[PDB]
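Asks: Here it is: the structure, laid out below.
Number of protein chains: 2
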Amino acid sequence: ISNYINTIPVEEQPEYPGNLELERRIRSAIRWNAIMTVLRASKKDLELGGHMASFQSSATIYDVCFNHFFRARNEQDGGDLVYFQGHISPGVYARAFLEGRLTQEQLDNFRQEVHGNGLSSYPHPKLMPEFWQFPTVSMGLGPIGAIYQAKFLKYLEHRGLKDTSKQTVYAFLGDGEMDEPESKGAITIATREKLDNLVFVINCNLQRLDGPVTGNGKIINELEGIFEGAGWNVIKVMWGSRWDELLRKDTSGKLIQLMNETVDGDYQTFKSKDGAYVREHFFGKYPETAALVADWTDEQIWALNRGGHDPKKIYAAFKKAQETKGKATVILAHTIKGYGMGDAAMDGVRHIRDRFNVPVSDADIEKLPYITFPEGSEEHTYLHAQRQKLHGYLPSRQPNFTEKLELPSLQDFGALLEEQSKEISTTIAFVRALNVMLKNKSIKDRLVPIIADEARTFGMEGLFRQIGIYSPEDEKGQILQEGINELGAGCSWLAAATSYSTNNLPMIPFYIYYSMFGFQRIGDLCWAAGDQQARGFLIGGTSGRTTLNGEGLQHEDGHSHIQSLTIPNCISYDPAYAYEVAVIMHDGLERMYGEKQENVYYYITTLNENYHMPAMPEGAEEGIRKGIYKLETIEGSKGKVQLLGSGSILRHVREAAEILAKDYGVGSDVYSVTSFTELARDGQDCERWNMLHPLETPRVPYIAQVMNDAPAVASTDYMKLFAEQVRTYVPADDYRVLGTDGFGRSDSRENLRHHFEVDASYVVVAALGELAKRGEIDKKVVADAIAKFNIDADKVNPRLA
Amino acid sequence: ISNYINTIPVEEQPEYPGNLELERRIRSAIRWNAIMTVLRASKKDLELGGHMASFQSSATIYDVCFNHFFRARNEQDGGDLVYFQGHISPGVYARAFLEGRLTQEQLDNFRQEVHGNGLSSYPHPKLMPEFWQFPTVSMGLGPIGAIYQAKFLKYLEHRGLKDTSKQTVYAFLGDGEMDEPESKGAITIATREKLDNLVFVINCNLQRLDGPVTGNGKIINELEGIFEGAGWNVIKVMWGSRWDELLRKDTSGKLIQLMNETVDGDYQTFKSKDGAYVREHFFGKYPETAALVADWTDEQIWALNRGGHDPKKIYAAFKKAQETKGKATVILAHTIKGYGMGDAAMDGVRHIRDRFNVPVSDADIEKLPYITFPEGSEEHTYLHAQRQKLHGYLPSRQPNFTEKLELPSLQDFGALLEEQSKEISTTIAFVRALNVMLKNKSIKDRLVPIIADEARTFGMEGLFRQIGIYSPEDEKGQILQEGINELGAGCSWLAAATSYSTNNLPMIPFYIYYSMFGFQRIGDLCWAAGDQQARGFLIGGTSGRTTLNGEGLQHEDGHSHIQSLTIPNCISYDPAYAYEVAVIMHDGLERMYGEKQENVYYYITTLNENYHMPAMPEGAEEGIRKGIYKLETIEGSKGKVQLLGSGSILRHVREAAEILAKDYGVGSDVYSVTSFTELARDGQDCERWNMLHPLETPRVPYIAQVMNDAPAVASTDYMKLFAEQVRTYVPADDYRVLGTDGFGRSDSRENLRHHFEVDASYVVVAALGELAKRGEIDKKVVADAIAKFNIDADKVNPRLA
Ligand SMILES: Cc1ncc(C[n+]2csc(CCOP(=O)(O)OP(=O)(O)O)c2C)c(N)n1
Ligand SMILES: Cc1ncc(C[n+]2csc(CCOP(=O)(O)OP(=O)(O)O)c2C)c(N)n1
Ligand SMILES: [Mg+2]
Ligand SMILES: [Mg+2]
């Protein structure tokens, strides 16, 4: 930790290149319109919300960036990637409005978006696909997402895919937000990777929402201490220009001492007092410091400002950041929260108009008018000139990539469609499918395989020899090895999955990890990825409750699909078979990166269990994509049922079908369900359409088109709700679902499948139970099956075990 | 960063208090039994799994701790709280066996739990309630959990609730695991809170699973740099005692330079070679370093070891940490991964028996026999003597607390059971309920209100004046204000929620935060809390997709209940009314902290929307607890439907009920569903039991004892699955569910409820639709209703919007 003063002394401060007074006129209009936007929303009394205090404290920081640093998307690269702090969005809207990119009508619909001509509260690409780029409102996610975006830009350069050298990634953070573990938890990575294209800009107004970040301490010193410790270049923007004469005049060093010893809480109290209270409780702490302002009027003292409000000090910091190589830079900008808002942070509005010399007359003020700069005006000319020199306007977003990729055909995955000689797993199928893609000339170098330390567990090690590990194992390595860091891997996957938009360079990430540590562990990033329109694959390896058998409670995933079905634009599959994996991956590839350019990402759970992989039935492709297809029909004269299974448990349903027929003369239709979720969604879509078109012929869910009315039983390696979600659409009156509800534990697969009551013996007993409720067989036969299979009818419910 | 040598020079090292030769014998027997345990499991060929290399690298560190530092649970306090590294559990089991706490049959059932008297793969209290305490295998979670556990212990002391001053929290971490953002993301908190009762022990073997943490860097220096910068006391245990002579006679300072400049990758290469290789490639880098070992044999050079394997260096580090105050200490223990296994770091294990001089012939070795120390042997006596001096054995766990609390009765919440005077929200109801608890002499000081920065948003500010904010706003403050850090807040909640077991001191936490940032953001910790048998309350505030209307996409929660239903021992509720909040909170209190001592925690979503709160219907209490009860029946002669709602949408369902009756002559039963999830679980339980007992009187799902067979419609502020989950158990053939599937966006509550198709209008159309399909009313009536209500039947499905 250094003294509590600017890192860049005035003697090393470059001349400011802009027109300060003109820039302030423009900035005042931006401040005014931002406030107007929020107040007009408030007018409506619809509890719309919206903030003002934060943008007021960071406005000047952003203003210097828009006038002298931020590069917009251009023909060479995507421009600077700015992770705008979420709640200062009203300031971004105000500026875009002044630049003529948004209309008054849109500002007037700030926070009312359902009817189409509105503005989102925060940066949501999914809601404003041509405007926002990075969802930052969910705090903590901005900072780590930025780190990995910066890393991904270096990767694209190193791999010879795109020259991103002129791009800077800016993460605009709040100081309270730095308490999120995700905010500082990955900062050493920027040093390991020498991310000199990354700048963290922390607005140190010393406050969170409901109080100071650390009133009894010095949050700026805390941040400096740990970032410096992590190898970052730290630039503190502490004081404005008026302090420069005062500091060089302090030959005693007591002013510095005074500044260093004062704590956050006290600096914040001074901010509320007055110029007299200041010379008294601050400058008046020591005679030498009190003597420095002895010849100062109380008004001249109150004029002393924080560095984050002085364009000259701000500019020096971003310039130094821009010049720095070898490591990332973090700028700690000292500001006043609710700057110039006196009242809280009609008289209040008048105070603001006056404080910032806003060009709004007394006759118009009550109309809360927006201010505009006419073409020909000095303000209009300068606003646009500065931006034209930096390549246009931002933020802006391109929702589709321009190039046409020549994707592999399903035929290209032919070997995976045939019966397998060796027993393999769906994870081995996934790796083989990836190898098929790495043979495609068009996309082979666009693929981005990602792992979180573990590769061998997923049989990814063979790929290493072929494409190597990215390690600026060299700078040309293709695989991203992110270590024991699922959030980080997820952020790399997200940067890759959105490169198609950000850099007009489609990249296709496959991130494979232990499924339990996916949505459960990085779920907020997964939701953010949907907002960001990510197009990529999440492969949840070692999936299924009973299948990663020895690992136990915190590893056995019988519910990731329940978490994944909550994401609207995540498409989820739980395939059993080698060929389904191939069809599913080919289709996802086509949908996301073919002409359709569908904005969805995929989640495929894969397995670590080897078994016989049969050939794909002729014509089953569409059913596989839609979610279900009839695999086999077994003959039986005594009764008929339908049996459904997915992932590793389909095996055992299929065994149950043999037993039902051989031992009980009960025929069955047997379905592989590659996606209960896609089927449930299709069902809801049909039910919804039907309800809204009462005069039309009811539409039929795909699952109801595949199935008949015979009593049905489903079993999967996931909790019962996974299969129960399609109940409403299943055309049979009786539908019984078995599942792995309950905490996992270590044992053999056989023991866990019996414990969770999903194995063949339970499927059989479940099927006979339905046939008994129909009278087709005597209840006694079900009782006898239970004893026959050594099923303990009285063991505790697995959910409670 | 300091030089790459021990922090503690030999000169300041205390004399080792133990019997080194006897300790080594005992330690070798533990290493052996640990290996035997895993190899026997392997032989079964059931893919059980299990690690050996990591415990070998950390065995000596744990050994010094077990013999000289770890305090077991005792009469005065819970002893030291040791977060053992997940996957060195075989070593803990081996020591426990040697201590006579586990039988051979248990070791022989390592990773086969299902039949009882087995052992979990990792620390899972839910599975071994009297043994393990803290679930750590989900790497990342142990370090942050440990930080907040240490802070919680300080809180307990500061609040005068329990003298925890003699307890130390030890977090045993891997160096690769430190990459998880959660591992270092909160390390600054330990400094803010002066956690001198916290010791992080990082096993620096330089390796994660598939390779080095940073082969081209120095992971120990990275860790030292950031922890030092975060204000921690860092103690490096780099080199064993054989190096002391070398460092002492090297007046050139070259050995140190050489140690400093060598990177992790090269150090790992040395360990894979031999003495000659080290002499040439390490010491041979400089004439002076070559000179230091010129008269050493290659064997003597090869004997040089890493500090983490020398009991004397280990002891000095732990003793120093024990005397360090004002901040937490992190010990960076340098070790060799695959220690003593060398060749592969039945007989290929005789290398291990010879390496550690294990008393087993080259003929019994194939039988993988366990070593024990008979009562009376020098080893047995010493093993137990050292532990007795430390109060017994650990880990161990007490499942229930001993004291009896005198809990508030439901009548104590009587004011909340009456009609409220003004329109309030369920969040206001929650705060009023907490206030009733704060008046109970028995539990008032055991309550732990927890917030993540925002308090005003949840109306928690009034409490600040009453019970204060914990700030060691002073150290007697009761509310934990964790800032913008949901994971940290969750970790404080977890420490509080398990204090009943850990410290035999029941504390009752209530963590309120924005519901979107609950399971979605800290879901892996919520799963771990379940494993840890947490008993507390998670209050998801500002919940419901349409209800936190202006906030938009990353805030509007219409799915946390889908995430929460995945945790077996989380009981979830979405009440509509203040009296339901009261009944649920009272019941939860009695279940978890009353004589039942049920191992479940609660999740209650609450709202930020005010509306009329009617009085509780007489006798509705149990129905509120169970999940559903009938509110009223409205007459109508043209048809009959059932209408269900929960949370903020119930009042709109009631509006629909009035519209149906008054405009269409359609009567209704109206139900408030307080918990769709508990009803679904009850139904699954009933059906499971019935089908396993085909001849017995079947169990009737609770929901089926409340609802009848008239067509039903449900609507809630959550995606359709939340209400669909009970379909199988609803006793009506038509059950239509409305929900908030799709990404949220900013608008008025009215606009969002119409966009998400969940408002009164849609419920009416849904109900009329069912009647028309029964030919009870003309299909035209539905079409006209759609028109009358300005419903756009062709707008896109909200799930895709
Ligand atoms: C994960 C998450 N938790 C909580 C919030 C709610 N929130 C909105 S503004 C705010 C305070 C932000 O303080 P700080 O980061 O210091 O920024 P400032 O407004 O001072 O610039 C919080 C906690 C959020 N957006 N995301
Ligand atoms: C969140 C999470 N991700 C992945 C794993 C899988 N895993 C088991 S051991 C291991 C490597 C651990 O390396 P390190 O932390 O360095 O410990 P060591 O065994 O070297 O002492 C990993 C990643 C896990 N347990 N938890
Ligand atoms: Mg702040
Ligand atoms: Mg390691």
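Sequences listed follow chains A and B, in order.
Under the UniProt record's numbering, the letters of the first sequence match residues 57 to 401, 415 to 541, 559 to 887, in that order.
Under the UniProt record's numbering, the letters of the second sequence match residues 57 to 401, 415 to 541, 559 to 887, in that order.
Just so you know, even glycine gets a beta-carbon here, dropped at the ideal spot from N, CA and C.
1) Scan the segment 231-243 of chain A for residues whose Cβ lies nearer than 9 angstroms to a Cβ of chain B and list them as they occur along the chain.
2) Just to confirm the assignment, what range does the alpha helix (DSSP H) spanning B:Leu765 have?
3) Have a look at B:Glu764 and B:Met671 and give me their C-alpha separation to the nearest angstrom.
4) B:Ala614 touches chain A at which residues, Cβ-Cβ below 8 angstroms?
5) Please find out if some non-hydrogen atom of ligand 1 comes closer than 8 angstroms to the beta-carbon of B:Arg83.
6) Using beta carbons (cut-off 9 angstroms, strictly below), is A:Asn261 in contact with chain B?
7) Check the DSSP bridge columns for A:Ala798 and list the partner residues they point to.
8) Any beta carbon of chain B sitting closer than 9 angstroms to that of A:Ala800?
9) State the start and end residues of the unbroken alpha helix (DSSP H) segment that holds B:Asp423.
10) Cβ-heavy atom distance between A:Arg264 and ligand 3 below 8 angstroms?
11) Helix, strand or coil for A:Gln618 per DSSP?
12) I'd like to know whether the C-beta of A:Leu158 is nearer than 9 angstroms to at least one C-beta of chain B.
13) Please confirm if the segment 651-660 of chain A is in contact with the segment 716-725 of chain A, defined as three or more CB-CB distances below 8 angstroms between the two stretches.
14) Say the cut is 8 angstroms; is the CB of B:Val517 nearer than that to a heavy atom of ligand 1?
15) Helix, strand or coil for A:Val786 per DSSP?
16) Taking CB distances under 9 angstroms as the criterion, tell me whether residue 552 of chain B reaches chain A.
17) Near A:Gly830, which residues of its chain fall below 6 angstroms by C-beta distance, leaving aside the five closest residues on each side in sequence?
18) Taking B:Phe605 as the reference, which of B:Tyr689, B:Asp617, B:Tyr663, B:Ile570 has the closest Cα?
19) Over the uninterrupted alpha helix (DSSP H) stretch that includes B:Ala242, give me the two end residues.
20) Just confirm the distance between the C-beta atoms of A:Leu824 and A:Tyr788, as a whole number of angstroms; I'd bet it's less than 8 angstroms.
21) What do you reckon, is the C-beta of B:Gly733 under 8 angstroms from a heavy atom of ligand 1?
22) By the criterion of Cβ-Cβ separation under 9 angstroms, what are the contact partners of B:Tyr178 in chain A?
23) With H, G and I counted as helix, E and B as strand and the rest as coil, what does DSSP make of A:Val816?
24) Could you give the uninterrupted runs of the alpha helix (DSSP H) lying entirely in the segment 154-214 of chain B, keeping only those of 4 residues or more?
25) Mind checking if B:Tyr788 is an interface residue toward chain A, Cβ cutoff 9 angstroms exclusive?
26) For B:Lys240, verify whether its CB is less than 8 angstroms away from any heavy atom of ligand 4.
27) Tell me whether the beta-carbon of A:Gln189 lies closer than 9 angstroms to the beta-carbon of A:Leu175.
28) Under DSSP, the beta strand (DSSP E) around A:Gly230 begins and ends at which residues?
29) Using the Cα positions of B:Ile594 and A:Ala664, report the straight-line distance between them to the nearest angstrom.
30) Establish whether the CB of A:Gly531 and some CB of chain B are separated by less than 9 angstroms.
31) Ends of the alpha helix (DSSP H) at A:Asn837?
32) Mind reading off the beta-carbon distance from residue 35 of chain B to B:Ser801? Whole number of angstroms is fine, and I expect it under 8 angstroms.
33) Measure the C-alpha to C-alpha separation of A:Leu279 and A:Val429 and round it to an integer number of angstroms.
34) DSSP has A:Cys260 in a bridge; who is on the other side?
35) Span of the alpha helix (DSSP H) holding B:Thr628?
36) Is it buried or exposed, B:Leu781, if we count other Cβ atoms within 10 angstroms and call 16 or more buried?
Replies: For this structure:
1) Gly232, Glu233, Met234, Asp235, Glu236, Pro237, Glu238, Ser239, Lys240, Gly241, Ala242, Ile243: these are the residues of the segment 231-243 of chain A whose beta carbon lies less than 9 angstroms from some beta carbon of chain B, given in chain order.
2) Stepping through the second sequence from its first residue, residue 765 of chain B is reached at position 679. Residues 762-778.
3) Mapped onto the second sequence, residue 764 of chain B falls at position 678. Mapped onto the second sequence, residue 671 of chain B falls at position 585. Their Cα atoms are separated by approximately 15 angstroms.
4) The sequence position of residue 614 of chain B within the second sequence is 528, counting from 1. Within 8 angstroms Cβ-Cβ: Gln640.
5) As a position in the second sequence, residue 83 of chain B is number 27, starting the count at 1. No, Cβ of B:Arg83 sits at least 8 angstroms from all heavy atoms of ligand 1.
6) Residue numbering aside, residue 261 of chain A sits at position 205 when the first sequence is read from its first letter. No - not a single Cβ of chain B is within 9 angstroms of the one on A:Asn261.
7) Position 712 of the first sequence, counted from the start, is the residue given in the question as residue 798 of chain A. DSSP output for A:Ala798 lists A:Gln728, A:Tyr821 as bridge partner(s).
8) Position 714 of the first sequence, counted from the start, is the residue given in the question as residue 800 of chain A. A:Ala800 does not count as touching chain B.
9) The residue you call residue 423 of chain B lines up with position 354 of the second sequence. First-last of the alpha helix (DSSP H) with B:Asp423: 419-424.
10) Taking the first residue of the first sequence as position 1, residue 264 of chain A is located at position 208. Under cutoff, so the answer is yes.
11) Against the first sequence, residue 618 of chain A aligns to sequence position 532. DSSP places A:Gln618 in coil when its eight states are reduced to three.
12) Position 102 of the first sequence holds residue 158 of chain A. Not one chain B Cβ lies under 9 angstroms of A:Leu158.
13) no
14) Locating residue 517 of chain B in the second sequence gives position 448, where the first residue counts as 1. No, ligand 1 has no heavy atom inside 8 angstroms of this Cβ.
15) Position 700 of the first sequence holds residue 786 of chain A. It is coil, neither helix nor strand.
16) In the structure shown, chain B runs from 541 directly to 559, leaving residue 552 of chain B without coordinates.
17) The sequence position of residue 830 of chain A within the first sequence is 744, counting from 1. Answer for A:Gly830: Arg631, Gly638, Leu639, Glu642, listed in chain order.
18) Here residue 605 of chain B corresponds to residue number 519 of the second sequence, with the count starting at 1. Of all alpha-carbon atoms in B:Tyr689, B:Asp617, B:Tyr663, B:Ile570, the one lying nearest the alpha-carbon of B:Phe605 is that of B:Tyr689.
19) Here residue 242 of chain B is taken as the residue at index 186 of the second sequence, counted from 1. Looking at the DSSP string, B:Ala242 is not in any alpha helix (DSSP H), and its letter there is neither H nor E.
20) One-based indexing of the first sequence puts residue 824 of chain A at position 738. One-based indexing of the first sequence puts residue 788 of chain A at position 702. Actually they do not touch by this definition, with Cβ atoms about 23 angstroms apart.
21) One-based indexing of the second sequence puts residue 733 of chain B at position 647. B:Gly733 Cβ: outside cutoff for every heavy atom of ligand 1.
22) As a working note, residue 178 of chain B is residue 122 in the second sequence. Under the 9 angstroms cutoff, chain A gives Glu637, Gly638, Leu639, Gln640, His641, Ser832.
23) Position 730 of the first sequence holds residue 816 of chain A. If DSSP states are grouped into helix, strand and coil, A:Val816 belongs with coil.
24) Taking only runs of at least 4 residues, the alpha helix (DSSP H) segments lying wholly in the segment 154-214 of chain B are 160-163, 197-214.
25) Locating residue 788 of chain B in the second sequence gives position 702, where the first residue counts as 1. So, not an interface residue.
26) Mapped onto the second sequence, residue 240 of chain B falls at position 184. Answer for B:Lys240: no, Cβ out of range of ligand 4.
27) For this step, residue 189 of chain A is matched to residue 133 along the first sequence. For this step, residue 175 of chain A is matched to residue 119 along the first sequence. Taking 9 angstroms as the Cβ cut-off, A:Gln189 and A:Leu175 do not qualify as a contacting pair.
28) If you number the first sequence from 1, residue 230 of chain A lands on position 174. Run containing A:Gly230: 225-230, per the beta strand (DSSP E) assignment.
29) For the purposes of this step, residue 594 of chain B is taken as residue 508 along the second sequence, with counting starting at 1. For the purposes of this step, residue 664 of chain A is taken as residue 578 along the first sequence, with counting starting at 1. Spanning the two alpha carbons is a distance of roughly 50 angstroms.
30) Within the first sequence, numbered from 1, the residue matching residue 531 of chain A stands at position 462. Cβ-Cβ to chain B under 9 angstroms: no for A:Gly531.
31) Sequence index remark: in the first sequence, residue 837 of chain A carries index 751 (1-based). 835-841 is the span of the alpha helix (DSSP H), which, as asked, contains A:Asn837.
32) An answer regarding residue 35 of chain B cannot be provided, because it is not within the stretch 57 to 887 covered by chain B.
33) Here residue 279 of chain A is taken as the residue at index 223 of the first sequence, counted from 1. Here residue 429 of chain A is taken as the residue at index 360 of the first sequence, counted from 1. Counting only the Cα atoms, A:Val429 lies some 41 angstroms from A:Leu279.
34) Counting from one through the first sequence, the residue named residue 260 of chain A turns up at place 204. For A:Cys260, which the question treats as bridged, DSSP gives the partners A:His390.
35) Residue numbering aside, residue 628 of chain B sits at position 542 when the second sequence is read from its first letter. Careful: B:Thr628 lies outside any alpha helix (DSSP H) and carries neither H nor E.
36) Within the second sequence, the letter at position 695 stands for residue 781 of chain B. Result: exposed.
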